[PDB]
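Undergrad: Take a look at query.pdb, PDB, C-alpha atoms and all ligand atoms:
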```pdb
ATOM      1  CA  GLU A   1     -13.874 -25.220   4.395
ATOM      2  CA  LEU A   2     -14.834 -21.902   2.786
ATOM      3  CA  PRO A   3     -18.583 -21.150   2.282
ATOM      4  CA  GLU A   4     -19.503 -20.251  -1.303
ATOM      5  CA  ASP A   5     -19.976 -16.556  -2.062
ATOM      6  CA  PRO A   6     -21.804 -16.757  -5.442
ATOM      7  CA  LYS A   7     -21.517 -13.067  -6.363
ATOM      8  CA  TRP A   8     -17.689 -13.238  -6.161
ATOM      9  CA  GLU A   9     -17.124 -16.804  -7.404
ATOM     10  CA  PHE A  10     -15.348 -17.109 -10.770
ATOM     11  CA  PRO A  11     -15.201 -20.357 -12.867
ATOM     12  CA  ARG A  12     -11.798 -22.082 -12.918
ATOM     13  CA  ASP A  13     -12.111 -23.123 -16.578
ATOM     14  CA  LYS A  14     -12.288 -19.437 -17.604
ATOM     15  CA  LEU A  15      -8.956 -18.651 -15.881
ATOM     16  CA  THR A  16      -5.542 -19.274 -17.482
ATOM     17  CA  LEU A  17      -2.472 -18.753 -15.277
ATOM     18  CA  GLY A  18       0.736 -17.284 -16.722
ATOM     19  CA  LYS A  19       4.038 -15.735 -15.631
ATOM     20  CA  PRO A  20       4.885 -15.117 -11.922
ATOM     21  CA  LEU A  21       4.947 -11.425 -10.973
ATOM     22  CA  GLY A  22       7.031 -11.768  -7.775
ATOM     23  CA  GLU A  23       6.565 -13.080  -4.221
ATOM     24  CA  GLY A  24       8.246 -10.410  -2.071
ATOM     25  CA  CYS A  25       5.619  -7.670  -1.595
ATOM     26  CA  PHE A  26       2.169  -9.285  -1.979
ATOM     27  CA  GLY A  27       2.856 -13.029  -1.609
ATOM     28  CA  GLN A  28       2.689 -15.354  -4.627
ATOM     29  CA  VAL A  29       1.017 -13.438  -7.444
ATOM     30  CA  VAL A  30       0.791 -14.638 -11.046
ATOM     31  CA  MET A  31      -0.339 -12.967 -14.265
ATOM     32  CA  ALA A  32      -3.504 -14.554 -15.665
ATOM     33  CA  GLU A  33      -6.186 -14.268 -18.327
ATOM     34  CA  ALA A  34      -9.806 -14.309 -17.137
ATOM     35  CA  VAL A  35     -12.524 -14.745 -19.773
ATOM     36  CA  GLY A  36     -15.609 -12.620 -19.140
ATOM     37  CA  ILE A  37     -14.658 -11.252 -15.703
ATOM     38  CA  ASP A  38     -15.287  -7.678 -16.920
ATOM     39  CA  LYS A  39     -19.065  -7.584 -17.317
ATOM     40  CA  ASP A  40     -18.905  -4.410 -19.449
ATOM     41  CA  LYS A  41     -17.121  -6.577 -22.051
ATOM     42  CA  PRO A  42     -18.390 -10.137 -21.332
ATOM     43  CA  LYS A  43     -16.727 -11.859 -24.324
ATOM     44  CA  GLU A  44     -13.239 -10.460 -23.732
ATOM     45  CA  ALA A  45     -10.307 -12.168 -21.999
ATOM     46  CA  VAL A  46      -8.898  -9.708 -19.445
ATOM     47  CA  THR A  47      -5.376  -9.660 -18.005
ATOM     48  CA  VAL A  48      -5.625 -10.035 -14.221
ATOM     49  CA  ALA A  49      -3.424 -10.862 -11.233
ATOM     50  CA  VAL A  50      -4.063 -13.960  -9.129
ATOM     51  CA  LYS A  51      -2.882 -14.447  -5.553
ATOM     52  CA  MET A  52      -2.513 -18.042  -4.375
ATOM     53  CA  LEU A  53      -0.697 -20.126  -1.762
ATOM     54  CA  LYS A  54       2.849 -21.369  -2.301
ATOM     55  CA  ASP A  55       3.610 -25.085  -1.959
ATOM     56  CA  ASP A  56       5.308 -24.223   1.364
ATOM     57  CA  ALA A  57       2.268 -22.268   2.652
ATOM     58  CA  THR A  58       1.511 -22.355   6.385
ATOM     59  CA  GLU A  59      -1.860 -22.412   8.156
ATOM     60  CA  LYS A  60      -1.426 -18.692   8.872
ATOM     61  CA  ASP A  61      -0.817 -18.010   5.159
ATOM     62  CA  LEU A  62      -4.154 -19.679   4.340
ATOM     63  CA  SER A  63      -6.031 -17.800   7.067
ATOM     64  CA  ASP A  64      -4.325 -14.552   5.981
ATOM     65  CA  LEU A  65      -5.349 -15.030   2.328
ATOM     66  CA  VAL A  66      -9.001 -15.638   3.290
ATOM     67  CA  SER A  67      -8.983 -12.659   5.665
ATOM     68  CA  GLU A  68      -7.380 -10.444   3.000
ATOM     69  CA  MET A  69     -10.087 -11.413   0.478
ATOM     70  CA  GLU A  70     -12.809 -10.639   3.036
ATOM     71  CA  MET A  71     -11.216  -7.256   3.878
ATOM     72  CA  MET A  72     -11.309  -6.331   0.165
ATOM     73  CA  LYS A  73     -15.049  -7.089   0.072
ATOM     74  CA  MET A  74     -15.479  -5.080   3.297
ATOM     75  CA  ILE A  75     -13.639  -1.958   2.122
ATOM     76  CA  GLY A  76     -15.499  -1.671  -1.204
ATOM     77  CA  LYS A  77     -14.622   0.179  -4.407
ATOM     78  CA  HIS A  78     -12.461   3.289  -4.746
ATOM     79  CA  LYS A  79     -10.254   4.694  -7.517
ATOM     80  CA  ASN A  80      -7.141   4.446  -5.297
ATOM     81  CA  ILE A  81      -7.760   0.974  -3.821
ATOM     82  CA  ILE A  82      -6.741  -2.193  -5.704
ATOM     83  CA  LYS A  83      -9.916  -3.839  -7.011
ATOM     84  CA  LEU A  84     -11.083  -7.373  -6.238
ATOM     85  CA  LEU A  85     -12.437  -8.997  -9.433
ATOM     86  CA  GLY A  86     -13.333 -12.473  -8.154
ATOM     87  CA  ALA A  87     -12.209 -15.664  -6.429
ATOM     88  CA  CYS A  88     -11.954 -19.405  -7.007
ATOM     89  CA  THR A  89     -12.828 -20.865  -3.600
ATOM     90  CA  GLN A  90     -14.468 -24.207  -4.477
ATOM     91  CA  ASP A  91     -13.200 -27.531  -5.809
ATOM     92  CA  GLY A  92      -9.529 -26.577  -6.093
ATOM     93  CA  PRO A  93      -6.854 -24.164  -4.759
ATOM     94  CA  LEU A  94      -7.898 -20.784  -3.357
ATOM     95  CA  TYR A  95      -7.350 -18.122  -6.028
ATOM     96  CA  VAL A  96      -8.032 -14.442  -5.381
ATOM     97  CA  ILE A  97      -8.319 -12.424  -8.592
ATOM     98  CA  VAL A  98      -7.406  -8.724  -8.497
ATOM     99  CA  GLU A  99      -6.910  -6.053 -11.158
ATOM    100  CA  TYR A 100      -3.579  -6.079 -12.981
ATOM    101  CA  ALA A 101      -1.279  -3.103 -12.342
ATOM    102  CA  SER A 102       1.135  -3.120 -15.259
ATOM    103  CA  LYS A 103       3.686  -0.670 -13.800
ATOM    104  CA  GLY A 104       4.419  -2.692 -10.647
ATOM    105  CA  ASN A 105       4.723  -1.424  -7.071
ATOM    106  CA  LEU A 106       5.413   2.236  -6.356
ATOM    107  CA  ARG A 107       8.923   1.659  -4.994
ATOM    108  CA  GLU A 108      10.041  -0.042  -8.233
ATOM    109  CA  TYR A 109       8.075   2.474 -10.331
ATOM    110  CA  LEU A 110       9.895   5.431  -8.740
ATOM    111  CA  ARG A 111      13.347   3.791  -8.737
ATOM    112  CA  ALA A 112      12.992   2.961 -12.452
ATOM    113  CA  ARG A 113      12.319   6.668 -13.088
ATOM    114  CA  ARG A 114      15.418   7.867 -11.202
ATOM    115  CA  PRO A 115      18.132   9.557 -13.330
ATOM    116  CA  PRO A 116      21.030   7.344 -14.566
ATOM    117  CA  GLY A 117      24.012   7.108 -12.212
ATOM    118  CA  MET A 118      21.782   7.187  -9.128
ATOM    119  CA  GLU A 119      21.520   4.033  -6.997
ATOM    120  CA  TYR A 120      18.819   1.535  -8.069
ATOM    121  CA  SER A 121      18.230   3.354 -11.377
ATOM    122  CA  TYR A 122      17.416   0.994 -14.255
ATOM    123  CA  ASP A 123      15.767   0.972 -17.676
ATOM    124  CA  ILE A 124      12.682  -1.268 -17.817
ATOM    125  CA  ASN A 125      12.857  -3.391 -20.994
ATOM    126  CA  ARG A 126      16.290  -1.877 -21.733
ATOM    127  CA  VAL A 127      14.428   1.349 -22.614
ATOM    128  CA  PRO A 128      14.600   4.532 -20.436
ATOM    129  CA  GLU A 129      11.496   5.583 -18.483
ATOM    130  CA  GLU A 130      10.196   9.165 -18.502
ATOM    131  CA  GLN A 131      11.422  11.312 -15.608
ATOM    132  CA  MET A 132       9.054  12.119 -12.734
ATOM    133  CA  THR A 133       8.095  15.792 -12.457
ATOM    134  CA  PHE A 134       7.269  17.605  -9.211
ATOM    135  CA  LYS A 135       3.590  17.664 -10.229
ATOM    136  CA  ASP A 136       3.667  13.866 -10.727
ATOM    137  CA  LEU A 137       5.059  13.333  -7.199
ATOM    138  CA  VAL A 138       2.414  15.616  -5.646
ATOM    139  CA  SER A 139      -0.296  13.862  -7.683
ATOM    140  CA  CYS A 140       1.002  10.496  -6.444
ATOM    141  CA  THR A 141       0.812  11.766  -2.850
ATOM    142  CA  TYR A 142      -2.685  13.219  -3.358
ATOM    143  CA  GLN A 143      -4.040   9.952  -4.777
ATOM    144  CA  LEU A 144      -2.702   7.945  -1.831
ATOM    145  CA  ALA A 145      -4.121  10.420   0.709
ATOM    146  CA  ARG A 146      -7.522  10.059  -0.996
ATOM    147  CA  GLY A 147      -7.247   6.268  -0.838
ATOM    148  CA  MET A 148      -6.358   6.347   2.861
ATOM    149  CA  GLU A 149      -9.137   8.874   3.569
ATOM    150  CA  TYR A 150     -11.581   6.383   2.046
ATOM    151  CA  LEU A 151     -10.027   3.433   3.907
ATOM    152  CA  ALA A 152     -10.269   5.280   7.242
ATOM    153  CA  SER A 153     -13.907   6.236   6.575
ATOM    154  CA  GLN A 154     -14.652   2.512   6.120
ATOM    155  CA  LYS A 155     -13.227   2.157   9.660
ATOM    156  CA  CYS A 156     -10.208   0.170   8.446
ATOM    157  CA  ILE A 157      -6.611   0.486   9.660
ATOM    158  CA  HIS A 158      -4.015  -0.645   7.110
ATOM    159  CA  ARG A 159      -0.963  -1.054   9.408
ATOM    160  CA  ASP A 160       1.473  -1.632   6.500
ATOM    161  CA  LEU A 161       1.329   1.555   4.417
ATOM    162  CA  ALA A 162       4.527   1.753   2.351
ATOM    163  CA  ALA A 163       5.587   2.303  -1.265
ATOM    164  CA  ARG A 164       6.276  -1.434  -1.656
ATOM    165  CA  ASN A 165       2.547  -2.055  -1.010
ATOM    166  CA  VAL A 166       1.217   0.492  -3.537
ATOM    167  CA  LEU A 167       0.458  -0.693  -7.081
ATOM    168  CA  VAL A 168       0.590   1.486 -10.193
ATOM    169  CA  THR A 169      -1.629   0.906 -13.243
ATOM    170  CA  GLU A 170      -0.936   1.542 -16.945
ATOM    171  CA  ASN A 171      -2.533   4.997 -16.553
ATOM    172  CA  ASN A 172      -0.305   5.808 -13.542
ATOM    173  CA  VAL A 173      -3.159   5.474 -11.024
ATOM    174  CA  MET A 174      -2.015   4.723  -7.460
ATOM    175  CA  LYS A 175      -3.695   1.701  -5.839
ATOM    176  CA  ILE A 176      -3.329   0.988  -2.118
ATOM    177  CA  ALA A 177      -2.803  -2.751  -1.670
ATOM    178  CA  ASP A 178      -1.594  -5.522   0.682
ATOM    179  CA  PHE A 179      -4.354  -5.885   3.294
ATOM    180  CA  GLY A 180      -2.490  -8.726   5.049
ATOM    181  CA  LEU A 181      -2.310  -6.745   8.313
ATOM    182  CA  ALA A 182      -5.399  -4.543   7.847
ATOM    183  CA  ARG A 183      -8.193  -4.620  10.434
ATOM    184  CA  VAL A 184     -11.703  -3.230  10.824
ATOM    185  CA  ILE A 185     -11.685  -1.052  13.956
ATOM    186  CA  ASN A 186     -14.399   0.671  15.963
ATOM    187  CA  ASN A 187     -14.034   4.208  17.401
ATOM    188  CA  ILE A 188     -11.455   3.336  20.105
ATOM    189  CA  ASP A 189      -7.790   2.371  19.645
ATOM    190  CA  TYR A 190      -6.982  -1.147  18.449
ATOM    191  CA  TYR A 191      -5.266  -2.896  21.375
ATOM    192  CA  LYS A 192      -4.456  -6.604  21.830
ATOM    193  CA  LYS A 193      -2.154  -6.808  24.896
ATOM    194  CA  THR A 194      -0.586  -9.731  22.968
ATOM    195  CA  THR A 195       2.252  -8.634  20.682
ATOM    196  CA  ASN A 196       3.026 -10.520  17.461
ATOM    197  CA  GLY A 197       5.563  -8.000  16.142
ATOM    198  CA  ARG A 198       4.680  -8.319  12.447
ATOM    199  CA  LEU A 199       4.680  -4.585  11.641
ATOM    200  CA  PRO A 200       7.621  -3.110   9.608
ATOM    201  CA  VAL A 201       9.484  -1.043  12.204
ATOM    202  CA  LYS A 202      10.605   1.814   9.932
ATOM    203  CA  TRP A 203       6.979   2.661   9.029
ATOM    204  CA  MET A 204       5.460   2.269  12.541
ATOM    205  CA  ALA A 205       4.178   5.114  14.712
ATOM    206  CA  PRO A 206       5.776   5.219  18.227
ATOM    207  CA  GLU A 207       2.493   4.305  19.948
ATOM    208  CA  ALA A 208       2.365   1.168  17.775
ATOM    209  CA  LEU A 209       5.995   0.365  18.638
ATOM    210  CA  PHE A 210       5.852   1.183  22.356
ATOM    211  CA  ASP A 211       2.242   1.122  23.595
ATOM    212  CA  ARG A 212       0.888  -1.593  21.249
ATOM    213  CA  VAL A 213      -2.062   0.529  20.098
ATOM    214  CA  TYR A 214      -3.152   1.454  16.576
ATOM    215  CA  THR A 215      -5.538   4.133  15.258
ATOM    216  CA  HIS A 216      -6.102   5.937  11.956
ATOM    217  CA  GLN A 217      -3.541   8.461  13.242
ATOM    218  CA  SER A 218      -0.963   5.632  13.286
ATOM    219  CA  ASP A 219      -1.590   5.185   9.550
ATOM    220  CA  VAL A 220      -1.024   8.965   9.202
ATOM    221  CA  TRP A 221       2.478   8.473  10.643
ATOM    222  CA  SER A 222       3.132   5.751   8.050
ATOM    223  CA  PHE A 223       1.759   8.040   5.331
ATOM    224  CA  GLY A 224       4.434  10.571   6.309
ATOM    225  CA  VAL A 225       7.081   7.890   5.745
ATOM    226  CA  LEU A 226       5.424   7.022   2.416
ATOM    227  CA  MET A 227       5.641  10.718   1.451
ATOM    228  CA  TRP A 228       9.367  10.602   2.211
ATOM    229  CA  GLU A 229       9.697   7.482   0.019
ATOM    230  CA  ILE A 230       7.878   9.242  -2.838
ATOM    231  CA  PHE A 231       9.972  12.425  -2.777
ATOM    232  CA  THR A 232      13.223  10.409  -2.554
ATOM    233  CA  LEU A 233      12.048   8.463  -5.652
ATOM    234  CA  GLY A 234      11.840   5.165  -3.769
ATOM    235  CA  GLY A 235      14.447   5.808  -1.068
ATOM    236  CA  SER A 236      14.787   3.510   1.942
ATOM    237  CA  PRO A 237      13.721   5.387   5.145
ATOM    238  CA  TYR A 238      16.182   6.221   7.939
ATOM    239  CA  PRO A 239      19.125   5.796   5.496
ATOM    240  CA  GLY A 240      22.107   4.046   7.073
ATOM    241  CA  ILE A 241      20.261   3.459  10.365
ATOM    242  CA  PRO A 242      19.727  -0.210  11.412
ATOM    243  CA  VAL A 243      16.144  -1.153  12.317
ATOM    244  CA  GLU A 244      17.583  -2.145  15.721
ATOM    245  CA  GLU A 245      18.735   1.403  16.549
ATOM    246  CA  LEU A 246      15.460   3.103  15.566
ATOM    247  CA  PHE A 247      13.711   2.175  18.836
ATOM    248  CA  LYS A 248      16.198   4.323  20.778
ATOM    249  CA  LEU A 249      16.256   7.125  18.190
ATOM    250  CA  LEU A 250      12.449   7.460  18.158
ATOM    251  CA  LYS A 251      12.469   7.812  21.961
ATOM    252  CA  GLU A 252      15.028  10.631  21.534
ATOM    253  CA  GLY A 253      12.798  12.405  18.984
ATOM    254  CA  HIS A 254      14.803  11.619  15.819
ATOM    255  CA  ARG A 255      13.069  12.413  12.520
ATOM    256  CA  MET A 256      14.225  12.046   8.906
ATOM    257  CA  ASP A 257      15.715  15.047   7.098
ATOM    258  CA  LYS A 258      14.003  16.848   4.205
ATOM    259  CA  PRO A 259      14.244  15.183   0.748
ATOM    260  CA  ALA A 260      15.844  17.467  -1.844
ATOM    261  CA  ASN A 261      12.907  17.124  -4.296
ATOM    262  CA  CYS A 262      10.606  18.328  -1.517
ATOM    263  CA  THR A 263       9.303  21.853  -0.852
ATOM    264  CA  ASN A 264       9.403  23.286   2.674
ATOM    265  CA  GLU A 265       5.595  23.087   2.704
ATOM    266  CA  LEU A 266       5.496  19.372   1.876
ATOM    267  CA  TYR A 267       8.289  18.645   4.374
ATOM    268  CA  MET A 268       6.248  20.376   7.090
ATOM    269  CA  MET A 269       3.328  18.102   6.128
ATOM    270  CA  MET A 270       5.640  15.090   6.624
ATOM    271  CA  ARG A 271       6.844  16.442   9.967
ATOM    272  CA  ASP A 272       3.231  17.054  11.044
ATOM    273  CA  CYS A 273       2.496  13.393  10.204
ATOM    274  CA  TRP A 274       5.368  12.505  12.568
ATOM    275  CA  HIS A 275       4.054  14.318  15.632
ATOM    276  CA  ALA A 276       4.733  12.064  18.641
ATOM    277  CA  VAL A 277       1.200  12.790  19.929
ATOM    278  CA  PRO A 278      -1.260  11.082  17.493
ATOM    279  CA  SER A 279      -4.074  13.623  17.988
ATOM    280  CA  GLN A 280      -1.681  16.404  16.894
ATOM    281  CA  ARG A 281      -1.116  14.732  13.523
ATOM    282  CA  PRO A 282      -3.433  15.837  10.678
ATOM    283  CA  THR A 283      -6.281  13.556   9.632
ATOM    284  CA  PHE A 284      -6.379  12.056   6.139
ATOM    285  CA  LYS A 285      -9.223  14.474   5.395
ATOM    286  CA  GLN A 286      -6.929  17.429   6.216
ATOM    287  CA  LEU A 287      -4.040  15.929   4.216
ATOM    288  CA  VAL A 288      -6.289  15.560   1.157
ATOM    289  CA  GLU A 289      -7.459  19.187   1.445
ATOM    290  CA  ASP A 290      -3.897  20.499   1.831
ATOM    291  CA  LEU A 291      -2.564  18.363  -1.034
ATOM    292  CA  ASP A 292      -5.516  19.422  -3.221
ATOM    293  CA  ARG A 293      -4.516  23.076  -2.723
ATOM    294  CA  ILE A 294      -0.834  22.402  -3.443
ATOM    295  CA  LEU A 295      -1.635  20.292  -6.521
ATOM    296  CA  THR A 296      -3.973  22.870  -8.106
ATOM    297  CA  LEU A 297      -1.365  25.618  -7.554
ATOM    298  CA  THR A 298       1.524  23.675  -9.139
TER     299      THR A 298
HETATM  300  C1  LIG A 301       8.154  -6.742  -4.073
HETATM  301  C2  LIG A 301       7.685  -6.645  -5.529
HETATM  302  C3  LIG A 301       6.598  -7.694  -5.836
HETATM  303  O1  LIG A 301       6.625  -8.799  -5.290
HETATM  304  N1  LIG A 301       5.656  -7.327  -6.733
HETATM  305  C4  LIG A 301       5.537  -6.022  -7.435
HETATM  306  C5  LIG A 301       4.410  -6.155  -8.442
HETATM  307  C6  LIG A 301       3.884  -7.590  -8.368
HETATM  308  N2  LIG A 301       2.421  -7.538  -8.227
HETATM  309  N3  LIG A 301       1.727  -7.839  -7.120
HETATM  310  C7  LIG A 301       0.450  -7.629  -7.412
HETATM  311  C8  LIG A 301      -0.577  -7.855  -6.453
HETATM  312  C9  LIG A 301      -1.456  -8.064  -5.616
HETATM  313  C10 LIG A 301      -2.478  -8.268  -4.640
HETATM  314  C11 LIG A 301      -3.177  -9.466  -4.504
HETATM  315  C12 LIG A 301      -4.163  -9.587  -3.521
HETATM  316  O2  LIG A 301      -4.828 -10.783  -3.426
HETATM  317  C13 LIG A 301      -5.745 -10.974  -2.341
HETATM  318  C14 LIG A 301      -4.447  -8.496  -2.681
HETATM  319  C15 LIG A 301      -3.750  -7.295  -2.819
HETATM  320  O3  LIG A 301      -3.973  -6.197  -2.025
HETATM  321  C16 LIG A 301      -5.245  -6.106  -1.353
HETATM  322  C17 LIG A 301      -2.768  -7.197  -3.802
HETATM  323  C18 LIG A 301       0.321  -7.201  -8.682
HETATM  324  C19 LIG A 301      -0.718  -6.842  -9.461
HETATM  325  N4  LIG A 301      -1.941  -6.897  -8.945
HETATM  326  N5  LIG A 301      -0.557  -6.438 -10.732
HETATM  327  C20 LIG A 301       0.737  -6.382 -11.255
HETATM  328  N6  LIG A 301       1.804  -6.747 -10.432
HETATM  329  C21 LIG A 301       1.570  -7.146  -9.172
HETATM  330  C22 LIG A 301       4.544  -8.214  -7.141
END
```
Would you mind writing the file's structure down as structure tokens?
Ligand SMILES: */C=C\C(=O)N1CC[C@H](n2nc(C#Cc3cc(OC)cc(OC)c3)c3c(N)ncnc32)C1
TA:
Amino acid sequence: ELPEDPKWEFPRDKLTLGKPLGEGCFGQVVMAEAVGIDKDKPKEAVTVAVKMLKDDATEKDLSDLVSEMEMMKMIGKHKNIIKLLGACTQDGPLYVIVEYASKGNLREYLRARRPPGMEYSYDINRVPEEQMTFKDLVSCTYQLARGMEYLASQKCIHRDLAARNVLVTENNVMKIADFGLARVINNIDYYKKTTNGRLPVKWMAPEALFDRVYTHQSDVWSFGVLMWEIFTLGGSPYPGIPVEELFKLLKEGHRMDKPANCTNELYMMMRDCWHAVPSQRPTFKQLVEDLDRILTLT
């Protein structure tokens, strides 16, 4: 039983579901048309995305979808956070309606803009995409730092920051998404003492892996990995290294090598994000400032 939230509730008869968008990165999401959901244009039918439960959904899936919806209300509005548009919570299946990002997730967006002959390169709609420039990659990074700076200031830890969980709109705006694992924290480290092990290992800070704690500085570690993904145009981190072996390698101080499309400056930013001591990593505020400088110079 979900209590009504009138300000977010959207009528079912004004929503028309369409093609599936994929199930691998954000659960079951479908393209849809929502009549009058944009109150600036109240007559118009807007293309939206709708998250819903699969027929094989578990109790945890249901609880996770509700919690995700509530987190989106909590965090509030920002240019680089995927926007909640409404929900159908009464008298039928739970639908959460979010803004449509026509260019997919960041990993697919970057891989589609790789040069031909490179692994994972493909032409969307059998038509070649425009190449990424250096400026575009820095801009991408800047936007995501801004989004995470906002998220952290709302006292939220994401815990699953990765290119697969970033959405890209028609106007190439980066939107942080997938709040399945996100939590509101206080001022002290998030600690459970009970380990569920649902965090993607290759993006996790050592203190998350080993000490079972999470802070904003843990998200900074992940942001470093995201940076590496961006500058490798959607590369898979720790190339050729099994997830299983990374526990040992992190204890021995292993770090990824510099991407070729990366400047020495930006690689040092990555490496700073991967300081073993969390308090020695930059804050999102510092990352934004540094990236602002780099961007306005390029
Ligand atoms: C692994 C690739 C994959 O499955 N997809 C890539 C692009 C497809 N896609 N997913 C979304 C979304 C979403 C969403 C829904 C939420 O409901 C509570 C919450 C979110 O984060 C807080 C994100 C998507 C959108 N929105 N537009 C276009 N394609 C989309 C799936």
Undergrad: Using only C-alpha atoms, what residues lie at most 12 Å away from (8.3, 21.1, 0.5) (file coordinates), given as a list in words?
TA: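 The answer, in the requested form, is residues 134, 137, 138, 227, 228, 231, 257, 258, 259, 260, 261, 262, 263, 264, 265, 266, 267, 268, 269, 270, 271, 291 and 294 of chain A.
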Undergrad: Tell me which protein, DNA and RNA residues are within 6 Å of region 232-249 of chain A, counting only C-alpha atoms, leaving out same-chain ones fewer than 3 positions away, and put them as a PDB file with C-alpha atoms, in the frame of the given file.
TA:
```pdb
ATOM      1  CA  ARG A 107       8.923   1.659  -4.994  1.00  0.00           C
ATOM      2  CA  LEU A 110       9.895   5.431  -8.740  1.00  0.00           C
ATOM      3  CA  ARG A 111      13.347   3.791  -8.737  1.00  0.00           C
ATOM      4  CA  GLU A 229       9.697   7.482   0.019  1.00  0.00           C
ATOM      5  CA  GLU A 252      15.028  10.631  21.534  1.00  0.00           C
ATOM      6  CA  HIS A 254      14.803  11.619  15.819  1.00  0.00           C
ATOM      7  CA  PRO A 259      14.244  15.183   0.748  1.00  0.00           C
TER       8      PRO A 259
END
```
Undergrad: Which residues are near ligand LIG 301 (chain A) in this structure, taking near to mean any atom at most 7 Å from a ligand atom and counting all atoms listed in the file? Format them as a PDB file with C-alpha atoms, in the frame of the given file.
TA:
```
ATOM      1  CA  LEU A  21       4.947 -11.425 -10.973  1.00  0.00           C
ATOM      2  CA  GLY A  22       7.031 -11.768  -7.775  1.00  0.00           C
ATOM      3  CA  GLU A  23       6.565 -13.080  -4.221  1.00  0.00           C
ATOM      4  CA  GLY A  24       8.246 -10.410  -2.071  1.00  0.00           C
ATOM      5  CA  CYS A  25       5.619  -7.670  -1.595  1.00  0.00           C
ATOM      6  CA  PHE A  26       2.169  -9.285  -1.979  1.00  0.00           C
ATOM      7  CA  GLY A  27       2.856 -13.029  -1.609  1.00  0.00           C
ATOM      8  CA  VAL A  29       1.017 -13.438  -7.444  1.00  0.00           C
ATOM      9  CA  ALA A  49      -3.424 -10.862 -11.233  1.00  0.00           C
ATOM     10  CA  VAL A  50      -4.063 -13.960  -9.129  1.00  0.00           C
ATOM     11  CA  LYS A  51      -2.882 -14.447  -5.553  1.00  0.00           C
ATOM     12  CA  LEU A  65      -5.349 -15.030   2.328  1.00  0.00           C
ATOM     13  CA  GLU A  68      -7.380 -10.444   3.000  1.00  0.00           C
ATOM     14  CA  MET A  69     -10.087 -11.413   0.478  1.00  0.00           C
ATOM     15  CA  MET A  72     -11.309  -6.331   0.165  1.00  0.00           C
ATOM     16  CA  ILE A  82      -6.741  -2.193  -5.704  1.00  0.00           C
ATOM     17  CA  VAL A  96      -8.032 -14.442  -5.381  1.00  0.00           C
ATOM     18  CA  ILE A  97      -8.319 -12.424  -8.592  1.00  0.00           C
ATOM     19  CA  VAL A  98      -7.406  -8.724  -8.497  1.00  0.00           C
ATOM     20  CA  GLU A  99      -6.910  -6.053 -11.158  1.00  0.00           C
ATOM     21  CA  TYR A 100      -3.579  -6.079 -12.981  1.00  0.00           C
ATOM     22  CA  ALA A 101      -1.279  -3.103 -12.342  1.00  0.00           C
ATOM     23  CA  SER A 102       1.135  -3.120 -15.259  1.00  0.00           C
ATOM     24  CA  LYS A 103       3.686  -0.670 -13.800  1.00  0.00           C
ATOM     25  CA  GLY A 104       4.419  -2.692 -10.647  1.00  0.00           C
ATOM     26  CA  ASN A 105       4.723  -1.424  -7.071  1.00  0.00           C
ATOM     27  CA  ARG A 164       6.276  -1.434  -1.656  1.00  0.00           C
ATOM     28  CA  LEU A 167       0.458  -0.693  -7.081  1.00  0.00           C
ATOM     29  CA  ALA A 177      -2.803  -2.751  -1.670  1.00  0.00           C
ATOM     30  CA  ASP A 178      -1.594  -5.522   0.682  1.00  0.00           C
ATOM     31  CA  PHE A 179      -4.354  -5.885   3.294  1.00  0.00           C
TER      32      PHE A 179
END
```
Undergrad: Determine, counting all atoms listed in the file, every residue of protein, DNA or RNA that lies within 8 Å of (2.6, 8.5, -8.1) in the file coordinates, then give the result as a PyMOL selection string.
TA: chain A and resi 106+110+136-141+143+168+172-174+230
Undergrad: Restricting the calculation to all atoms listed in the file, which member of A:54, A:293, A:39, A:175 is positioned closest to residue 95 (chain A)?
TA: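 Once distances to residue 95 (chain A) are computed over all atoms listed in the file, the minimum belongs to A:54.
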